[PDB]
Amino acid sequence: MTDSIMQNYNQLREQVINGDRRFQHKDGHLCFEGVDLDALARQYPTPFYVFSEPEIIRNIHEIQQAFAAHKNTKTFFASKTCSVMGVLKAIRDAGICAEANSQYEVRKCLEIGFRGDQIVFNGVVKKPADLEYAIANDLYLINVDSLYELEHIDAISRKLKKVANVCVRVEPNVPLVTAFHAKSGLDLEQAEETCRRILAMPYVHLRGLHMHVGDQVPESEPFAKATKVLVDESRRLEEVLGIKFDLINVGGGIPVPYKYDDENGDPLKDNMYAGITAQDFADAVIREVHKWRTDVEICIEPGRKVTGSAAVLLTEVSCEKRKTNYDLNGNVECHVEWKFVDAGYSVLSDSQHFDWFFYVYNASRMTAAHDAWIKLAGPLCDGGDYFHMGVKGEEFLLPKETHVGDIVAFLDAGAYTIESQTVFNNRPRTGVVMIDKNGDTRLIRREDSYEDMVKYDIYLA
């Protein structure tokens, strides 16, 4: 029943403003960390994202508390999740480390104040220039993804006379088929010879094995099975090769709740429901590692969990229309109420390209019943630019009183939402605002200007 769907969604709405650590209401408006989001969107041009340093801190606390049973745990935020410098700074100030996924990500982590010993550099394509930059900066780990890349690591560490610290990425076949569907890592069967080669290299230091299971993983079993494979091989290689590993790096993949009404959801069928918590991830990993060693360092690489819940996208309702389907005799078959916001898939890419659900509310009318079925469209000149991941099918719920000028909020908009923006239609990539630990706001990324649209081009004026 759609009445039951509407009732349930309004129960969720009420829970945002009465039972959510991030949110409040004031003057009829949604507030984030005490900041009125309607008011904030009158001071900065929409669309823009607003991040919460308090919520990032809460997320990091969940992750670290989860690993209390293993003292020697090192946490590296996967910076491909969000690398706006002010977000990286909040993460650095919250006391964890950083994982980087390109030369420029390494450089920005160093610039914002992560030390070399707080940085892991991962990748399937690490060109000589990338490896030379990483090795020269004394990174804590550079993963080894292939035998071809390892030849460059050997040659460049020799040229620099500088030790490269490495972890060998192994991707276990844990039942998709690994050889067909996992481009990353080496096969389990190649780990021994790879480690053998590294031991003999004068400037390459083997620190352990590495894996990464995936993203938004709704079950603990894959982490447990894959960690066991890497643990069993670590234990075996210690005996065969006569070494003691510094660490094991188990990657990321802790899910974030994108739908909260867990009683109504099956995470295995709809992974917008978070199937597990950080504690479940930690229990699975730590249990497997401790079957081998309790003293070894465990490295983790959470991305999504650090920032996903910690931002809201604010976008203004900028136009409206009613479209009507008529039958062949001119009688109404249905009306569709379209609301157009100033953010489309060029601003919130995963809503379109990855069928990602985010809660949508009228932030200007947050205490009003969301009692009208509407379709929510973006501003791109593209028939596919509307939000298909609705409350019911492709339909959302907003107050029937919704007006052009109101501010719509997408919740849980903090992971994989900034660097994935485009200038399609030459609409600018968005500004980003930060709410600090004191509840004060500041701009941390400007909106792309016109001069930004053309400065990259070379043309006679």
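Note that residue numbering follows the sequence shown and begins at 1. C-alpha atoms forming the largest set that superposes within 1.5 Å between two forms make up the rigid core.
**Student:** Any chance you could tell me whether 160-168 or 327-335 drifts more in 4 other deposited structures of this protein, judged by RMS CA distance from this form after superposing on the core?
**Tutor:** Result of the core-fitted comparison in 4 other deposited structures of this protein: 327-335 deviates more.
**Student:** Is it the case that, in at least a third of the other entries compared (those modelling both flanking residues), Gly251 has no coordinates?
**Tutor:** Across the compared entries, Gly251 is modelled every time.
**Student:** How about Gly214: is it missing from at least a third of the other entries compared?
**Tutor:** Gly214: modelled in every other compared entry.
**Student:** Counting only residues from the deposited sequence, how many are left out of the model between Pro175 and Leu176 (none, 1 to 3, 4 to 9, 10 or more)?
**Tutor:** Count of unmodelled residues in between: 4 to 9.
**Student:** When the C-alpha temperature factors are averaged for each of 392-400 and 63-71, which stretch ends up with the higher value in the entry?
**Tutor:** Comparing 392-400 with 63-71, the higher mean C-alpha B-factor belongs to 63-71.
**Student:** On mean C-alpha B-factor from the PDB entry, just flag whether 17-25 or 442-450 is the higher one.
**Tutor:** The entry gives the higher C-alpha B-factor average to 17-25.
**Student:** Please pick out which of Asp350, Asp280, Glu105, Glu301 has the largest Cα B-factor as recorded in the entry.
**Tutor:** Max CA B-factor in the entry, restricted to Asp350, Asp280, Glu105, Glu301: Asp280.
**Student:** For the C-alpha B-factor as written in the entry, point me to the maximum among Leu230, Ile135, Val360, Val240.
**Tutor:** Max CA B-factor in the entry, restricted to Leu230, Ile135, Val360, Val240: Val240.
**Student:** Could you place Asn325 in the lowest, middle or highest third of its chain by Cα temperature factor, using the values in the record?
**Tutor:** Highest third, going by the recorded CA B-factors of the chain.
**Student:** Comparing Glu55 with the other modelled residues of its chain, is its CA B-factor in the lowest, middle or highest third?
**Tutor:** Within its chain, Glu55 is a middle-third residue by C-alpha B-factor, going by the deposited values.
**Student:** Going by the CA temperature factor in the PDB record, which third of the chain does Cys31 belong to: lowest, middle or highest?
**Tutor:** Its C-alpha B-factor, which the entry lists for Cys31, ranks in the highest third among residues of this chain.
**Student:** Please say which third, lowest, middle or highest, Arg196 falls into when its CA temperature factor is compared across its chain.
**Tutor:** Its C-alpha B-factor, which the entry lists for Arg196, ranks in the highest third among residues of this chain.
**Student:** Comparing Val87 with the other modelled residues of its chain, is its CA B-factor in the lowest, middle or highest third?
**Tutor:** As the PDB entry reports it, the C-alpha B-factor of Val87 lands in the middle third of its chain.
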